[PDB]
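Student: After the structure tokens below, expect a handful of questions from me.
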Number of protein chains: 2
Amino acid sequence: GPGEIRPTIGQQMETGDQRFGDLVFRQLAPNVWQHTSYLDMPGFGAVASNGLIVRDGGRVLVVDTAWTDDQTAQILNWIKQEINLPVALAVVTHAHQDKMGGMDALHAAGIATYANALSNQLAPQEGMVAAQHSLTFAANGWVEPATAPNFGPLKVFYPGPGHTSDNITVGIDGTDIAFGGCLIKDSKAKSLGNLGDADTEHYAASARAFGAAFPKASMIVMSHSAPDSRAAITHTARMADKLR
Amino acid sequence: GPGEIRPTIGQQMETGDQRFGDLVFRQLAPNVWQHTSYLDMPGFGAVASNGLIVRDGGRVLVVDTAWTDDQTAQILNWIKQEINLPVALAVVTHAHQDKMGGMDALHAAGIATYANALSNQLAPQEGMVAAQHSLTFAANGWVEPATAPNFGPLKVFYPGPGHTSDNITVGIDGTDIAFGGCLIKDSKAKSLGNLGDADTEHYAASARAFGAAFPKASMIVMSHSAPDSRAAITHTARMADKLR
Ligand SMILES: CC1(C)S[C@H]([C@H](NC(=O)[C@H](N)c2ccccc2)C(=O)O)N[C@H]1C(=O)O
Ligand SMILES: CC1(C)S[C@H]([C@H](NC(=O)[C@H](N)c2ccccc2)C(=O)O)N[C@H]1C(=O)O
Ligand SMILES: [Zn+2]
Ligand SMILES: [Zn+2]
Ligand SMILES: [Zn+2]
């Protein structure tokens, strides 16, 4: 492949990843893949956003869309061509473009979409389309089971306000993988990204709440970095400690 | 007859009020009273915090506690001596001291307490006792009625992040009264108060959502001001418009 996608922020390509259209796919587990799409900024470079694809028996579950509807449609085509299994549902982590930019692609494909109820409420103001179903959460952050039917190994957890007020996280039961979304940055991150809609008071405790909810997860997946160790949880929690 | 209680910030005592210990109670409707507690800090002065007391049939419903357990305990003494009806439940509008400082007094009295699930999640890190039950809200902002058992005329609505990420509002059916809490300031206020836990981006949209959820409320009740007209909603929303 003469000429590969090398973004300015986000992980770089390496053999073991599979370039598919404008996107990059990396297998993290026998049944878990990471999908990476790129937002080409006008004179700034590609901005990578990561999600996850999970095979649960005869169906496939998706975590987070791509930046655009087109890149999200390419994800579904990669699923049909490489896994050849229907997508049962998708769950998006919060109401920003890198997570809900491709809702129209999922809804055109007939896939049931789930999000935090606050995400569906904030999606109008963020220029996003809400998900079809709303997730609600208990007082300790765990999702109400009645609102997440047939989620399989997807264990959804709301850690509290951090990167946004509505950011949620997803642990993959039966694996050692947990997804932190835009709430967690890698262990060598220089900052905590876009603090525009961030909760600077509760960010630190929300990072640890995510780590305490999945204490056995050794691989942590985030939006704009290669999968890291639990030191990613630690680094951003102490980075957010400086926001006092 | 000289000498009353004089808050440093908050409404004065007007004719038609009634002092009862450290509090003052003002009747707003045949079955709706407003309670006001005072937090005095050595060297700064007293700050007033307003809540609501609703008589619905043969029971009393309380909205928000006082600053302290002791002040809250005097609220139920006022209910026992001025109404003498059982206090069915209590709903608190967000996890801050002026609205949740007296949770232990209600729990010791055998009163069922209700709060936004986010308020209960944030309660330990804000120094508050979490409520006994959690309220969840749909994407449109209205409370899921399965978690608000027998609230009577109380119409709970979550307008979105504003003063805090968890502030909720309450309307009283059969009256012209809706409670904005700390989200809405009076029509001649010069600031939005404490913005440390505030969502500067969605404050304006959350204030307007509160006004649209209770379009018949001609009398708006807030935390640190005498009740005002709907002009308080517009003045709060336009003040928050400059925050973006
Ligand atoms: C990639 C970033 C460094 S900025 C970015 C992201 N931004 C977007 O997806 C779009 N800029 C956007 C445009 C309009 C509305 C919402 C998002 C977000 O705020 O999560 N997240 C950052 C992050 O995840 O830390
Ligand atoms: C009048 C207040 C500055 S205090 C009140 C309340 N905030 C508090 O009680 C503070 N969290 C607080 C201040 C000093 C000491 C302890 C707590 C709220 O969030 O509605 N509303 C604020 C406001 O409307 O800006
Ligand atoms: Zn974001
Ligand atoms: Zn992001
Ligand atoms: Zn207040």
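Easy rule for this one: first residue shown is 1, then count along the chain.
Placement of Cβ uses the backbone N, Cα and C atoms for every residue, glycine included.
The annotation Zn(2+) 1 binding site is assigned in Swiss-Prot to A:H94, A:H96, A:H163 on the grounds of experimental evidence. Taken from Swiss-Prot, the feature Zn(2+) 2 binding site covers A:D98, A:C182, A:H224, and the record attributes it to experimental evidence. The feature substrate binding site is assigned by Swiss-Prot to A:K185, A:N194, with experimental evidence given as support.
Distances, neighbours, how buried they are, the whole picture for these features please.
Tutor: Under 8 Å, Cβ to Cβ, and six or more positions away along its own chain, A:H94 (Zn(2+) 1 binding site) finds A:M100, A:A115, A:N116, A:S119, A:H163, A:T164, A:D166, A:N167, A:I168, A:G181, A:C182.
Cβ-based neighbour count (10 Å, all protein chains) for A:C182 (Zn(2+) 2 binding site) stands at 24.
Secondary structure at A:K185 (substrate binding site), as computed by DSSP, is coil. Using a 10 Å radius centred on the Cβ of A:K185 (substrate binding site) and all shown protein chains, the other Cβ atoms total 25.
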Student: Checking proximity to ligand 1 here: which binding-site residues out of A:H94, A:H96, A:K185 have their Cβ closer than 6 Å to it?
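Tutor: The qualifying binding-site residues are A:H96.
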Student: Roughly how many Å separate the Cα of A:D98 (Zn(2+) 2 binding site) from that of A:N194 (substrate binding site), to the nearest whole number?
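Tutor: Cα-Cα distance, A:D98 (Zn(2+) 2 binding site) to A:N194 (substrate binding site): 12 Å.
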Student: On the three-state reduction of DSSP, what should I expect for A:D98 (Zn(2+) 2 binding site)?
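Tutor: Its secondary structure by DSSP: helix.
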Student: Nearest to A:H96 (Zn(2+) 1 binding site) in three-dimensional space, by Cα, is which of the binding-site residues A:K185, A:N194, A:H224?
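Tutor: Going through A:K185, A:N194, A:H224 one by one, the closest to A:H96 (Zn(2+) 1 binding site) is A:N194.
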Student: Using a Cβ cut-off under 8 Å and a sequence separation of 6 or more, which residues in the same chain sit near A:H224 (Zn(2+) 2 binding site)?
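Tutor: In sequence order, A:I9, A:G10, A:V47, A:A48, A:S49, A:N50, A:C182, A:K185, A:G193 meet the Cβ cut-off.
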Student: Determine which residues of the same chain, besides A:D98, A:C182, A:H224, have their CB within 8 A of the center of the CB atoms at the recorded Zn(2+) 2 site, and list them by sequence.
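Tutor: Nearby residues not in the site list: A:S49, A:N50, A:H96, A:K99, A:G181, A:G193, A:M222, A:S223.
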Student: Relative to the Cβ of A:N194 (substrate binding site), which residues of the same chain, six or more apart in sequence, are found under 8 Å away?
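Tutor: The answer is A:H163, A:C182.
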